[PDB]
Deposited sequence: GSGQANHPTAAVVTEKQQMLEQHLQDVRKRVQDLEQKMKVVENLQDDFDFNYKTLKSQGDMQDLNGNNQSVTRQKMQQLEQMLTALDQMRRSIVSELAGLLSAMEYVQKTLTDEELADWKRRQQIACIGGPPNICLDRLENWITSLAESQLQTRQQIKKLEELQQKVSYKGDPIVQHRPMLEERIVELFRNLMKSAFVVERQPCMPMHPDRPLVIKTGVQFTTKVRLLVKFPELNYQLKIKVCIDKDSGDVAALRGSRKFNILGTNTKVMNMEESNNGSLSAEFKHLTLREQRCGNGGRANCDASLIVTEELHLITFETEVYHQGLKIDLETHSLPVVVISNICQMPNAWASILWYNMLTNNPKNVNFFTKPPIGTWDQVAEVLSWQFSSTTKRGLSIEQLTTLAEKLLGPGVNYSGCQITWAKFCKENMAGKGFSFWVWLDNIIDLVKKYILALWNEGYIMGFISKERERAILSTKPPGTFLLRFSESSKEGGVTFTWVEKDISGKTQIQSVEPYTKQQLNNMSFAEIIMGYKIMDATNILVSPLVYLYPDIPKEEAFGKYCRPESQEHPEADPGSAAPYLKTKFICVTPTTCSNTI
């Protein structure tokens, strides 16, 4: 899917290319001319020297004819040097349009991918644009060195080269150095392999992996760059070290399109000792450094991960992920380690899409609008149509909720964890209504017969469990609801939730009624819905 903005970039790049192809050919002529001059001067000088030993060999016509061809190639040198600076400006524009726009769009679509939903475009077509411009810049570098050559051979008091080449060089070097630093990107962000859904959270002593790419596809560079990874390079805060295999050498046979990558898989973290922010809000950077020497140019490279939370124990992960969600939802600065000293605020309209992502990222269905508006009530208080409402980091995690013993986010992470590992099939098929006011829970079911029932998550426990709710009916005609003490991870190891439901009964008069459960919400008999999952 190509923008118009992009096919225009694609054109700029073919235009810079044929611009430089033209200059290189314009310098074969300027080189021919000064060779012609220099050769003829020395020829006519060794002759107007050697034969003096006959003083009429070298005509004044032929030294006017020489003086005039020196003038010609200076007029040509003049033209070339300004076409060159002309090229340099064209290339500076294309490069901000790559670096500051198309690349920064990918650096962000990556952030979004990390916290769920829209998995980005691969870098393949971003790489081809960056290489197309780097090859153009290289060709241009060679012709600006060509001019240094011409000058040593043939020069004179006004030389356009002596005066203007030095800035031409300055320019094409800053261009090339910068394009390469920009092409050095983290392709896959640090992550522990056994918690894939939780990138940018690293537990100490666990193996994690990360991968860097260099988007200048120059074979000259295969096996030439050794990437050193580290953490906390260069604040009132904790320090770590990386252990394991800490240098890797970028090759091209690892990636399918033959692109220059380097994958680190043998990394772990260890805390280091010394004398602000709870640990699930303290952020670190994993930096990758290398150096390249390309046709005489040294070019230091350094990129870094997105900020990462580092934790002692896996009980800390829901708070850590909260921090990653809050960071990446809200800023696009990749290096703000001190984000959590004054966290910003978010709108529900953006928080809603992130929560639905925590359920699409991990399962076949995300969150509905009914499911979402009932989580709105948990964060804000009562109302309808929250569109503008704003949400603090304190309301979202960090502070407990609605006078219970735990955060909003922790409650929900733990619920998701339960949906993932137990009960996932029933979530996927939409047999779990999950998030529902008690009042809609009642209004919804009262319409329907006294067997009918629904499945929802507990609000009573950090731990996160599920339960079901049905409707007995009374003499006044009113509908009463019952819910059962919810089933947690600790109960569901020994029986599957669906088995629990069919087998379930409680007491009538004196004998264990048979299920109080009969129908699943919308007119559906119980066996019909959980027969698939039982013995």
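Undergrad: Where the model has no C-alpha, note the corresponding stretch of the deposited sequence, numbering from 1.
TA: Those stretches are 1-11, 65-66, 248-254, 296-304, 565-598, listed in order.
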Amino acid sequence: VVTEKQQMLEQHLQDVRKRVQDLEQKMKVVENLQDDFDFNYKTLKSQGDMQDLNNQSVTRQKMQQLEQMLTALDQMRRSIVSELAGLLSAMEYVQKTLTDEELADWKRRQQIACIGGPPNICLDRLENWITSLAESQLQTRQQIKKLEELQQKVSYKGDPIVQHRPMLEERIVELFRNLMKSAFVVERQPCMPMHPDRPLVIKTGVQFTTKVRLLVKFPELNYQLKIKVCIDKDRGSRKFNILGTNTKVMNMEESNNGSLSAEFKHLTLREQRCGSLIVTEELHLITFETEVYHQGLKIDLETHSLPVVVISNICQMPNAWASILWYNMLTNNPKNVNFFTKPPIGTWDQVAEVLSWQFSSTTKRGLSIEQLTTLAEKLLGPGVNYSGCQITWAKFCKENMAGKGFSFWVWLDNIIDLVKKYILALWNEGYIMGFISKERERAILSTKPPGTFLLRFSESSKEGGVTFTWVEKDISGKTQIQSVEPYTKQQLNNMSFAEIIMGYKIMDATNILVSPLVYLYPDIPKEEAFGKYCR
From here on, numbers count along this sequence of modelled residues.
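Undergrad: Check the entry's C-alpha temperature factors for 442-450 and 128-136, then say which stretch has the higher mean.
TA: Between 442-450 and 128-136, it is 442-450.
Undergrad: For the higher mean C-alpha B factor in the entry, choose 497-505 or 43-51.
TA: Between 497-505 and 43-51, it is 43-51.
Undergrad: Go through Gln224, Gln163, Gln371, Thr210 one by one and give the residue whose Cα B-factor in the PDB entry is largest.
TA: Going by the entry's C-alpha B-factors, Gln163 comes out highest.
Undergrad: Per the coordinate record, which of the options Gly366, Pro219, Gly403, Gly296 holds the highest CA temperature factor?
TA: Reading the PDB entry, the winner on C-alpha B-factor is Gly403.
Undergrad: Pull the Cα B-factor of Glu263 out of the PDB entry and bin it into the chain's lowest, middle or highest third.
TA: CA B-factor rank for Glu263: lowest third.
Undergrad: How does the C-alpha B factor of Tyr422 compare with the rest of the chain: lowest, middle or highest third?
TA: It falls in the middle third of the chain.
Undergrad: Lowest, middle or highest third: which one holds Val466 when the chain's residues are ordered by CA B-factor from the entry?
TA: Middle third by C-alpha B-factor.
Undergrad: When the deposited Cα B-factors of this chain's modelled residues are ordered and cut into thirds, is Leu9 in the lowest, the middle or the highest one?
TA: It belongs to the highest third of the chain when residues are ordered by C-alpha B-factor.
Undergrad: State the tercile, meaning the lowest, middle or highest third, of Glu377 with respect to the CA B-factors recorded for its chain.
TA: Its C-alpha B-factor belongs to the highest third of this chain's values.
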